[PDB]
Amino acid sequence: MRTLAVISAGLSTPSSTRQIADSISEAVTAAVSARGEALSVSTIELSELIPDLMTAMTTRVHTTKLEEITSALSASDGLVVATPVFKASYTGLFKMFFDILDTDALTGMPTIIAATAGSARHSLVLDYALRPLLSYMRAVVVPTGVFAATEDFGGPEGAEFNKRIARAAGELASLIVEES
């Protein structure tokens, strides 16, 4: 059985960022299932690690809690990261979790990058911010980034969108089952 790590960084409840994140992981689960394999998904909510993250900034060593999360992340077979859009780019908190990760923490890690906001005017946040981020860490980011614009759900656009979620999931799924 494979493992799927998920990092959602929203601060709301219910969180839109968590929404799309689940739509993607579930889709990935279905895709890995279609390739004849079980998938264990473990979702990490950054809003729930603010204290530990804070500590890792003023201090140098990480809390047992944080240490367990990052070790499990680097052991997962696939990764999906998601984030809301503050100031036309990814969240500060979002970038903080990654600033704390070891240099070789995600090397070779299959990833789906995703963001969300009202409109799609900030969709290039994917290839101009998250992609350069995950690329720096040598993670192989599937070609299909998923930018969820809540204002465009329902109707032909939503069908098209849910269809794009599928492609991304297929892309990641292929990369996950191919691992030895």
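Numbering starts at 1 and follows the sequence shown.
Once the C-alpha B-factors are averaged per stretch, 156-164 and 18-26 rank with 156-164 first.
Stretches compared: 63-71, 30-38. Higher mean C-alpha B-factor in the entry: 30-38. Residues shown: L46, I113, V140, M54. Highest C-alpha temperature factor in the entry: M54. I50: CA B factor in the highest third of modelled residues in this chain (values from the PDB entry).
When the modelled residues of the chain are ordered by C-alpha B-factor, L175 sits in the lowest third. In this PDB entry, the Cα temperature factor of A105 sits in the middle third of its chain's modelled residues. Annotation for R121: CA B-factor lies in the highest third of the chain's modelled residues. Sort the modelled residues of the chain by CA B factor and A88 lands in the middle third.
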